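Structure below is work.cif: mmCIF, C-alpha atoms and all ligand atoms.
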```cif
data_coords
#
loop_
_atom_site.label_atom_id
_atom_site.label_comp_id
_atom_site.auth_asym_id
_atom_site.auth_seq_id
_atom_site.Cartn_x
_atom_site.Cartn_y
_atom_site.Cartn_z
CA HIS A 3 158.78 -32.19 -191.42
CA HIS A 4 156.06 -33.64 -193.67
CA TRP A 5 152.90 -35.51 -192.73
CA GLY A 6 152.99 -39.26 -192.15
CA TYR A 7 151.96 -41.96 -189.69
CA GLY A 8 154.56 -41.48 -186.92
CA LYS A 9 154.15 -40.09 -183.40
CA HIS A 10 155.35 -36.64 -184.42
CA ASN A 11 153.66 -36.39 -187.84
CA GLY A 12 150.65 -38.74 -187.64
CA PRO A 13 146.90 -38.16 -188.03
CA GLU A 14 146.55 -36.07 -184.86
CA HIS A 15 149.01 -33.49 -186.30
CA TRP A 16 147.56 -33.21 -189.80
CA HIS A 17 145.15 -30.40 -188.91
CA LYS A 18 148.05 -27.94 -188.49
CA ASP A 19 148.94 -28.08 -192.19
CA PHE A 20 145.47 -29.18 -193.38
CA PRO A 21 142.78 -27.50 -191.25
CA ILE A 22 140.04 -29.34 -193.20
CA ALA A 23 141.15 -32.34 -191.08
CA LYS A 24 138.55 -31.08 -188.56
CA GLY A 25 135.92 -30.53 -191.28
CA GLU A 26 132.28 -31.52 -191.62
CA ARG A 27 132.68 -34.55 -193.90
CA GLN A 28 135.95 -36.25 -193.02
CA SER A 29 136.81 -39.91 -193.63
CA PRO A 30 137.09 -42.62 -192.59
CA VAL A 31 134.18 -43.21 -190.21
CA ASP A 32 132.83 -46.02 -188.10
CA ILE A 33 129.92 -47.73 -189.82
CA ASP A 34 127.29 -48.45 -187.19
CA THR A 35 125.43 -51.27 -188.92
CA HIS A 36 122.26 -50.91 -186.87
CA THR A 37 121.97 -47.13 -187.55
CA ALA A 38 122.72 -47.36 -191.29
CA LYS A 39 119.42 -47.34 -193.13
CA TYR A 40 118.48 -49.38 -196.14
CA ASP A 41 117.81 -47.04 -199.04
CA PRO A 42 115.61 -48.82 -201.62
CA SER A 43 116.31 -46.05 -204.16
CA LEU A 44 120.02 -47.00 -204.30
CA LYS A 45 120.95 -48.86 -207.48
CA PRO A 46 123.24 -51.86 -207.81
CA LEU A 47 126.88 -50.93 -208.31
CA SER A 48 128.12 -51.18 -211.87
CA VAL A 49 131.81 -52.14 -211.76
CA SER A 50 133.11 -52.38 -215.34
CA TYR A 51 136.78 -53.39 -215.17
CA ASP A 52 137.04 -55.75 -218.20
CA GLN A 53 139.00 -53.14 -220.22
CA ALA A 54 141.24 -51.94 -217.35
CA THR A 55 144.83 -51.11 -218.32
CA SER A 56 147.20 -51.13 -215.38
CA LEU A 57 150.53 -49.42 -216.06
CA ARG A 58 152.77 -49.12 -213.04
CA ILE A 59 153.13 -49.67 -209.31
CA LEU A 60 154.64 -46.92 -207.14
CA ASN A 61 155.80 -46.72 -203.52
CA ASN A 62 154.88 -43.10 -202.71
CA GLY A 63 156.13 -43.20 -199.11
CA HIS A 64 152.66 -43.66 -197.56
CA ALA A 65 151.34 -46.70 -199.47
CA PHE A 66 151.79 -48.27 -202.90
CA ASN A 67 149.59 -47.30 -205.84
CA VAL A 68 148.73 -49.56 -208.74
CA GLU A 69 148.12 -47.01 -211.48
CA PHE A 70 145.82 -47.27 -214.49
CA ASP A 71 145.49 -45.61 -217.88
CA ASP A 72 142.66 -43.15 -217.19
CA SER A 73 142.90 -41.23 -220.49
CA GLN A 74 139.79 -43.08 -221.77
CA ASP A 75 136.70 -44.70 -220.21
CA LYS A 76 138.36 -48.09 -219.74
CA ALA A 77 137.68 -49.21 -216.15
CA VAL A 78 134.67 -47.34 -214.75
CA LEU A 79 132.37 -47.28 -211.75
CA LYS A 80 128.73 -46.25 -212.20
CA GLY A 81 125.35 -46.75 -210.54
CA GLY A 82 124.78 -47.15 -206.83
CA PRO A 83 124.68 -43.66 -205.30
CA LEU A 84 126.55 -42.17 -208.26
CA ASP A 85 125.39 -39.82 -210.98
CA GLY A 86 127.49 -40.27 -214.12
CA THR A 87 130.73 -42.09 -214.87
CA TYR A 88 133.79 -42.43 -212.66
CA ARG A 89 137.11 -43.58 -214.11
CA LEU A 90 139.53 -45.84 -212.23
CA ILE A 91 142.86 -44.03 -211.72
CA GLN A 92 144.60 -46.17 -209.07
CA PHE A 93 144.17 -48.54 -206.19
CA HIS A 94 146.10 -48.85 -202.96
CA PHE A 95 145.76 -50.33 -199.48
CA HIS A 96 146.04 -49.32 -195.84
CA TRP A 97 147.22 -51.96 -193.39
CA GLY A 98 148.42 -52.64 -189.88
CA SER A 99 151.44 -53.93 -188.02
CA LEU A 100 149.20 -56.72 -186.63
CA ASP A 101 146.10 -58.49 -187.99
CA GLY A 102 143.83 -56.72 -185.46
CA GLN A 103 144.20 -53.28 -187.03
CA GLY A 104 144.85 -51.69 -190.41
CA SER A 105 141.51 -50.69 -191.88
CA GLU A 106 140.42 -47.07 -192.02
CA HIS A 107 136.69 -47.63 -191.93
CA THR A 108 135.45 -49.76 -189.06
CA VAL A 109 132.23 -51.77 -188.78
CA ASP A 110 130.60 -51.57 -185.34
CA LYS A 111 134.09 -50.53 -184.16
CA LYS A 112 135.69 -53.65 -185.68
CA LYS A 113 139.03 -53.02 -187.38
CA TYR A 114 140.01 -55.26 -190.27
CA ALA A 115 143.61 -56.20 -191.13
CA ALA A 116 143.63 -53.93 -194.17
CA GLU A 117 141.46 -51.93 -196.54
CA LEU A 118 141.64 -51.67 -200.34
CA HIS A 119 140.73 -48.34 -201.98
CA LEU A 120 139.86 -48.31 -205.68
CA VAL A 121 139.94 -44.61 -206.58
CA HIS A 122 137.78 -43.21 -209.39
CA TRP A 123 137.21 -39.66 -210.65
CA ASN A 124 134.08 -38.12 -212.15
CA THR A 125 134.67 -37.71 -215.90
CA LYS A 127 132.34 -34.53 -215.89
CA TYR A 128 135.37 -32.69 -214.41
CA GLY A 129 137.86 -33.69 -217.11
CA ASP A 130 140.86 -34.59 -214.93
CA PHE A 131 141.65 -35.87 -211.45
CA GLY A 132 143.09 -32.57 -210.23
CA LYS A 133 139.88 -30.74 -211.10
CA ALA A 134 137.71 -33.54 -209.71
CA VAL A 135 139.23 -33.37 -206.20
CA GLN A 136 138.04 -29.74 -205.99
CA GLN A 137 134.38 -30.85 -206.31
CA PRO A 138 132.07 -32.34 -203.66
CA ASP A 139 131.15 -35.18 -206.06
CA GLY A 140 134.56 -35.43 -207.71
CA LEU A 141 135.66 -38.89 -206.59
CA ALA A 142 134.14 -42.27 -205.85
CA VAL A 143 136.29 -44.59 -203.74
CA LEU A 144 135.30 -48.22 -203.53
CA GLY A 145 136.52 -49.59 -200.19
CA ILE A 146 136.98 -53.29 -199.56
CA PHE A 147 137.98 -54.82 -196.24
CA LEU A 148 140.69 -57.48 -195.96
CA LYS A 149 140.69 -60.19 -193.31
CA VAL A 150 143.43 -62.76 -192.79
CA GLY A 151 142.55 -66.35 -193.69
CA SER A 152 142.79 -68.05 -197.07
CA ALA A 153 144.98 -66.46 -199.74
CA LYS A 154 143.50 -64.18 -202.39
CA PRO A 155 144.89 -65.63 -205.62
CA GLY A 156 144.26 -62.38 -207.53
CA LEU A 157 146.41 -60.42 -205.06
CA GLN A 158 149.56 -62.52 -205.48
CA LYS A 159 150.89 -60.65 -208.54
CA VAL A 160 150.80 -57.46 -206.46
CA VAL A 161 152.49 -59.16 -203.48
CA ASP A 162 155.32 -60.51 -205.61
CA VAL A 163 156.30 -57.16 -207.15
CA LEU A 164 156.63 -55.42 -203.75
CA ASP A 165 160.29 -56.39 -203.26
CA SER A 166 161.09 -54.26 -206.35
CA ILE A 167 159.45 -51.13 -204.86
CA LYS A 168 160.60 -51.51 -201.28
CA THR A 169 161.41 -47.85 -200.67
CA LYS A 170 159.79 -44.45 -201.23
CA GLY A 171 159.99 -43.22 -204.82
CA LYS A 172 160.56 -46.63 -206.42
CA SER A 173 158.25 -47.74 -209.20
CA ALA A 174 157.97 -50.76 -211.47
CA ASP A 175 156.14 -51.67 -214.65
CA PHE A 176 152.87 -53.35 -213.74
CA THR A 177 150.88 -54.06 -216.88
CA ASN A 178 147.96 -56.44 -217.45
CA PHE A 179 146.83 -56.63 -213.84
CA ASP A 180 143.11 -57.37 -213.54
CA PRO A 181 141.50 -55.65 -210.53
CA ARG A 182 138.41 -57.89 -210.85
CA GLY A 183 140.50 -60.46 -208.98
CA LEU A 184 140.37 -58.28 -205.84
CA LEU A 185 136.57 -58.09 -205.55
CA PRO A 186 134.39 -60.14 -203.19
CA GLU A 187 131.34 -62.10 -204.39
CA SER A 188 128.74 -59.58 -203.25
CA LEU A 189 128.56 -55.91 -204.17
CA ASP A 190 126.31 -55.03 -201.19
CA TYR A 191 127.57 -51.73 -199.79
CA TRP A 192 127.29 -48.80 -197.44
CA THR A 193 127.67 -45.26 -198.77
CA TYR A 194 128.20 -41.80 -197.33
CA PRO A 195 129.76 -38.45 -198.35
CA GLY A 196 133.33 -38.02 -197.12
CA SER A 197 136.90 -37.09 -197.86
CA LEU A 198 140.32 -38.25 -198.87
CA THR A 199 141.79 -40.09 -195.88
CA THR A 200 145.26 -38.60 -196.43
CA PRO A 201 146.34 -35.00 -196.90
CA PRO A 202 145.09 -32.89 -198.56
CA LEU A 203 141.94 -34.46 -196.93
CA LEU A 204 139.70 -32.85 -199.54
CA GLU A 205 135.97 -33.32 -199.07
CA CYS A 206 135.37 -34.67 -202.56
CA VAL A 207 134.56 -38.37 -202.11
CA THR A 208 131.44 -40.47 -202.36
CA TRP A 209 132.47 -43.49 -200.29
CA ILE A 210 131.16 -46.90 -201.29
CA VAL A 211 132.29 -49.51 -198.75
CA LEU A 212 131.53 -53.16 -199.53
CA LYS A 213 130.04 -55.24 -196.72
CA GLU A 214 131.79 -58.49 -197.72
CA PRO A 215 135.51 -58.57 -196.91
CA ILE A 216 138.03 -60.41 -199.05
CA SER A 217 140.31 -62.97 -197.43
CA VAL A 218 144.08 -62.72 -197.85
CA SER A 219 146.71 -64.99 -196.32
CA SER A 220 149.02 -64.16 -193.45
CA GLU A 221 151.93 -64.51 -195.90
CA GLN A 222 150.36 -61.96 -198.26
CA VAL A 223 149.86 -59.29 -195.61
CA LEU A 224 153.31 -60.02 -194.13
CA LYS A 225 154.77 -58.96 -197.49
CA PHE A 226 152.86 -55.64 -197.32
CA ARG A 227 154.57 -55.13 -193.94
CA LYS A 228 158.07 -55.52 -195.45
CA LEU A 229 157.67 -52.31 -197.46
CA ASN A 230 159.44 -49.17 -196.25
CA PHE A 231 158.18 -45.62 -195.62
CA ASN A 232 161.77 -44.40 -196.08
CA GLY A 233 163.77 -43.87 -199.25
CA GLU A 234 166.63 -46.10 -200.36
CA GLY A 235 169.70 -45.98 -198.10
CA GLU A 236 167.80 -44.25 -195.26
CA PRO A 237 167.12 -45.78 -191.83
CA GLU A 238 164.55 -48.54 -192.30
CA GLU A 239 161.05 -47.72 -191.12
CA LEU A 240 158.57 -50.43 -191.97
CA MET A 241 155.48 -49.31 -193.87
CA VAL A 242 152.85 -50.44 -191.36
CA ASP A 243 149.90 -48.72 -189.68
CA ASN A 244 149.36 -46.35 -192.59
CA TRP A 245 145.70 -45.83 -191.65
CA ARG A 246 143.77 -42.83 -190.39
CA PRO A 247 141.38 -43.59 -187.52
CA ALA A 248 137.63 -43.03 -187.67
CA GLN A 249 136.53 -39.38 -187.70
CA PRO A 250 133.35 -37.80 -186.34
CA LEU A 251 130.26 -38.60 -188.41
CA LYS A 252 128.76 -35.13 -187.74
CA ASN A 253 125.72 -34.31 -189.92
CA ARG A 254 125.83 -37.44 -192.09
CA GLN A 255 123.79 -40.55 -192.66
CA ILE A 256 125.27 -43.80 -193.86
CA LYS A 257 122.98 -45.63 -196.30
CA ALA A 258 122.88 -49.36 -196.98
CA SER A 259 122.20 -50.90 -200.39
CA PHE A 260 120.85 -54.07 -198.77
CA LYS A 261 118.17 -55.14 -196.29
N1 LIG B 1 142.87 -42.97 -199.13
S1 LIG B 1 141.89 -42.33 -200.22
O1 LIG B 1 141.41 -43.38 -201.06
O2 LIG B 1 140.93 -41.52 -199.52
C1 LIG B 1 142.84 -41.25 -201.24
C2 LIG B 1 142.61 -41.22 -202.61
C3 LIG B 1 143.28 -40.29 -203.39
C4 LIG B 1 144.17 -39.40 -202.80
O3 LIG B 1 144.74 -38.46 -203.62
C5 LIG B 1 145.65 -37.51 -203.07
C6 LIG B 1 145.80 -36.38 -204.03
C7 LIG B 1 146.64 -36.25 -205.10
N2 LIG B 1 146.34 -35.05 -205.64
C8 LIG B 1 146.89 -34.42 -206.79
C9 LIG B 1 146.09 -33.59 -207.57
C10 LIG B 1 146.62 -33.02 -208.72
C11 LIG B 1 147.92 -33.28 -209.09
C12 LIG B 1 148.71 -34.10 -208.31
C13 LIG B 1 148.20 -34.68 -207.16
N3 LIG B 1 145.35 -34.45 -204.93
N4 LIG B 1 145.02 -35.27 -203.96
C14 LIG B 1 144.41 -39.46 -201.44
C15 LIG B 1 143.74 -40.38 -200.66
ZN ZN B 2 143.16 -44.90 -199.21
#
```

Structure rendered as structure tokens:
Amino acid sequence: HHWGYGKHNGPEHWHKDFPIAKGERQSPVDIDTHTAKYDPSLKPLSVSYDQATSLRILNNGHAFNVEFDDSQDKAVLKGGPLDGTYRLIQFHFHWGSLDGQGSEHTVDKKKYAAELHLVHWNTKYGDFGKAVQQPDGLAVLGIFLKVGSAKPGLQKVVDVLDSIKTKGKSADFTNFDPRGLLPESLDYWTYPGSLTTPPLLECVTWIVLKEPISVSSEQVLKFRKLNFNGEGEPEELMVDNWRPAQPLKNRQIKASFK
């Protein structure tokens, strides 16, 4: 009886195995745009993905991860609210069963169809496992998805999904360029938070871009054909793999833009 996104194992149950679920800096949160304050001291984001080396794509039973070679400073995130260098390890998405839900963060209570998380770890801690034990261990760049025009740079991801339909399946996924998933603007909100899945560790500096990317209905429909289950098990569609907004508590969300 492991955690998931069903009625009997979903987000409202997680606290029983992971008491930090009710902690002081949990994610995601609602971003109240009128309360978020412009912070002129915040720097522009530095997203350096030109040397990114993708390796593999994995259905882990709660989403799919596109994994990168993080044994050197290839693809890194710096600047903004961050001190030091954060290495890209993987990206994944959260999405809904319908276009009107799927994102984890919300903006003035608006839910987007999906949310992309580019996960980076602070290289002062040496490896990812050590980094998640630190309050400034990770930086996750969050990007909203809305349904409209297709995102050409997403299609290579979409088309490999039939080969990793079920939990535990992986496929080679080399030479994928994550720059093709970014929006035009790097304007962002930032706040201190947590992993949005168990173990829910409070180790993340969240950087959530204001500008959503557009993906087509056909693209998101292919996300929704994935399975939570393993091969040969009763089919349960991988949809609604998002945690709802958590209490903001003693936190301020800062904006990089006026
Ligand atoms: N959704 S999110 O972007 O917040 C997000 C990002 C990263 C996550 O990592 C889970 C994880 C894996 N490990 C681990 C550590 C050492 C060895 C093996 C696994 N620890 N936490 C979860 C959610
Ligand atoms: Zn995530």

(message) When you count only C-alpha atoms and all ligand atoms, which of these residues is closest to ligand ZN 2 (chain B): A:66, A:123, A:131, A:231?
(response) A:66

(request) Pull the neighbourhood of (157.6, -50.3, -198.9) for me: all residues within 10 Å in file coordinates, counting all atoms listed in the file, as JSON, numbers by chain. (result) {"A": [60, 61, 62, 63, 64, 65, 66, 164, 165, 166, 167, 168, 169, 170, 171, 172, 225, 226, 227, 228, 229, 230, 231, 232, 233, 238, 239, 240, 241, 242]}

Would you output that residue set with C-alpha atoms, as a PDB file, in the frame of the given file?
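Resulting contents of again-v1.pdb:
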```pdb
ATOM      1  CA  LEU A  60     154.640 -46.920-207.140  1.00  0.00           C
ATOM      2  CA  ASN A  61     155.800 -46.720-203.520  1.00  0.00           C
ATOM      3  CA  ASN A  62     154.880 -43.100-202.710  1.00  0.00           C
ATOM      4  CA  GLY A  63     156.130 -43.200-199.110  1.00  0.00           C
ATOM      5  CA  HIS A  64     152.660 -43.660-197.560  1.00  0.00           C
ATOM      6  CA  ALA A  65     151.340 -46.700-199.470  1.00  0.00           C
ATOM      7  CA  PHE A  66     151.790 -48.270-202.900  1.00  0.00           C
ATOM      8  CA  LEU A 164     156.630 -55.420-203.750  1.00  0.00           C
ATOM      9  CA  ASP A 165     160.290 -56.390-203.260  1.00  0.00           C
ATOM     10  CA  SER A 166     161.090 -54.260-206.350  1.00  0.00           C
ATOM     11  CA  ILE A 167     159.450 -51.130-204.860  1.00  0.00           C
ATOM     12  CA  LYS A 168     160.600 -51.510-201.280  1.00  0.00           C
ATOM     13  CA  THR A 169     161.410 -47.850-200.670  1.00  0.00           C
ATOM     14  CA  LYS A 170     159.790 -44.450-201.230  1.00  0.00           C
ATOM     15  CA  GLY A 171     159.990 -43.220-204.820  1.00  0.00           C
ATOM     16  CA  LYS A 172     160.560 -46.630-206.420  1.00  0.00           C
ATOM     17  CA  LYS A 225     154.770 -58.960-197.490  1.00  0.00           C
ATOM     18  CA  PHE A 226     152.860 -55.640-197.320  1.00  0.00           C
ATOM     19  CA  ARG A 227     154.570 -55.130-193.940  1.00  0.00           C
ATOM     20  CA  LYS A 228     158.070 -55.520-195.450  1.00  0.00           C
ATOM     21  CA  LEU A 229     157.670 -52.310-197.460  1.00  0.00           C
ATOM     22  CA  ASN A 230     159.440 -49.170-196.250  1.00  0.00           C
ATOM     23  CA  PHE A 231     158.180 -45.620-195.620  1.00  0.00           C
ATOM     24  CA  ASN A 232     161.770 -44.400-196.080  1.00  0.00           C
ATOM     25  CA  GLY A 233     163.770 -43.870-199.250  1.00  0.00           C
ATOM     26  CA  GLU A 238     164.550 -48.540-192.300  1.00  0.00           C
ATOM     27  CA  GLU A 239     161.050 -47.720-191.120  1.00  0.00           C
ATOM     28  CA  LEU A 240     158.570 -50.430-191.970  1.00  0.00           C
ATOM     29  CA  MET A 241     155.480 -49.310-193.870  1.00  0.00           C
ATOM     30  CA  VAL A 242     152.850 -50.440-191.360  1.00  0.00           C
TER      31      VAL A 242
END
```

(request) Find the residues near ligand ZN 2 (chain B). Use a cut-off of 9 Å, count only C-alpha atoms and all ligand atoms, and write them as a list in words. (result)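 The distance check yields residues 65, 93, 94, 95, 96, 106, 117, 118, 119, 120, 121, 143, 145, 198, 199, 200 and 245 of chain A.
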
Please report, as AutoDock Vina command-line options, the centre and edge lengths in Å to one decimal of an axis-aligned box covering all listed atoms of ligand LIG 1 (chain B) with 3 Å per side.
```
--center_x 144.8 --center_y -38.2 --center_z -204.1 --size_x 13.8 --size_y 16.4 --size_z 16.0
```

(request) Find the residues near residue 111 in chain A: any atom within 10 Å, counting all atoms listed in the file, skip ones fewer than 6 places away on the same chain, and give them as a PyMOL selection string. (result) chain A and resi 31-35+248

(request) Please indicate the distance in Å from CA of residue 206 in chain A to CA of residue 148 in chain A, rounded to one decimal place. (result)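 Computed distance, CA of residue 206 in chain A to CA of residue 148 in chain A, equals 24.3 Å.
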
(message) Please return as a list in words every residue within 12 Å of (137.3, -62.2, -210.1), taking into account all atoms listed in the file and the file's own coordinates.
(response)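 The requested residues, written out, are residues 49, 50, 51, 52, 154, 155, 156, 157, 179, 180, 181, 182, 183, 184, 185, 186, 187, 188 and 216 of chain A.
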
(message) Calculated over only C-alpha atoms and all ligand atoms, which of the candidates A:90, A:115, A:84, A:203 has the smallest distance to ligand LIG 1 (chain B)?
(response)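 Closest candidate: A:203.
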
(message) Counting only C-alpha atoms, which residue out of A:146, A:207, A:44, A:223 sits closest to residue 122 in chain A?
(response) A:207

(request) Considering only C-alpha atoms, state which residue in the set A:125, A:43, A:220, A:208 is at the smallest distance from residue 77 in chain A. (result)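 Result for the nearest residue to residue 77 in chain A: A:125.
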
(message) Restricting the calculation to all atoms listed in the file: of A:253, A:29, A:158, A:103, which residue gets closest to ligand LIG 1 (chain B)?
(response)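 So, comparing all the options, the nearest one is A:29.
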